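Only one chain is shown below, in structure tokens, and it's the form deposited in one PDB entry.
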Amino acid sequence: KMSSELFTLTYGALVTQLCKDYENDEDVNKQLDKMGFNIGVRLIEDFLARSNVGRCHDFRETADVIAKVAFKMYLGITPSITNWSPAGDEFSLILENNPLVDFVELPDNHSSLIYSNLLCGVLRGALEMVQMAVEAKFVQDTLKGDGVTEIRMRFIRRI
């Protein structure tokens, strides 16, 4: 196990490089999400090998495992699961900080950048590989002056 500061600074270098390569926040958002997807498709293999979940396609069990096991294992934090839809097909992950944003305050010119957008791709890619089509999106971000960071996750369909 390792503390996170070298990880967060390395992620910072990646965002910096993408900003150099695209000079447009929406393009950066997109590339972070695509990279995250590729990471998630690989990361799920590590996770399933190390965990006790096996084969399952239950959305609530999935929320619990993501929040209480995967976030802890890979980011050192445990977000809360809140704000369930009536159908039980949508939930939020609530993070007290932004785990990738220790000490990285945004320029006012970059209001549209979703700095930690990689994480949405990772969630979507990982779950695709266990036959669950989901959408993950930031709806709050402490970097933008919100009181929490919130990732909203929606179950679309079984694959």
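Basically, rigid core = biggest C-alpha set you can superpose within 1.5 Å across the two forms. The first residue of the shown sequence is 1; numbering continues from there.
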property: Mean C-alpha B-factor comparison - 94-102 and 120-128, higher one; result: 94-102
property: Residue range whose averaged C-alpha B-factor is higher in the record, 85-93 or 71-79; result: 85-93
property: Out of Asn29, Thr62, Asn38, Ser51, highest CA B-factor residue; result: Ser51
property: Chain-relative CA temperature factor third for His110; result: highest
property: Third of chain Cα B-factors occupied by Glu150; result: lowest
property: Third of the chain's Cα B-factor distribution that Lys34 belongs to, per the entry; result: lowest
property: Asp25 by Cα B-factor - lowest, middle or highest third of the modelled chain; result: middle
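Only in words, not in the display: the form deposited in another entry, which the text now covers.
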| property | result |
| --- | --- |
| Rigid-core fit between this form and the one not shown, the member of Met35, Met129, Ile94, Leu106 whose C-alpha shifts 2 angstroms or more | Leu106 |
| CA-CA separation of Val122 and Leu106, closer or farther in the other entry than in the form shown [shift of 3 angstroms or more] | farther |
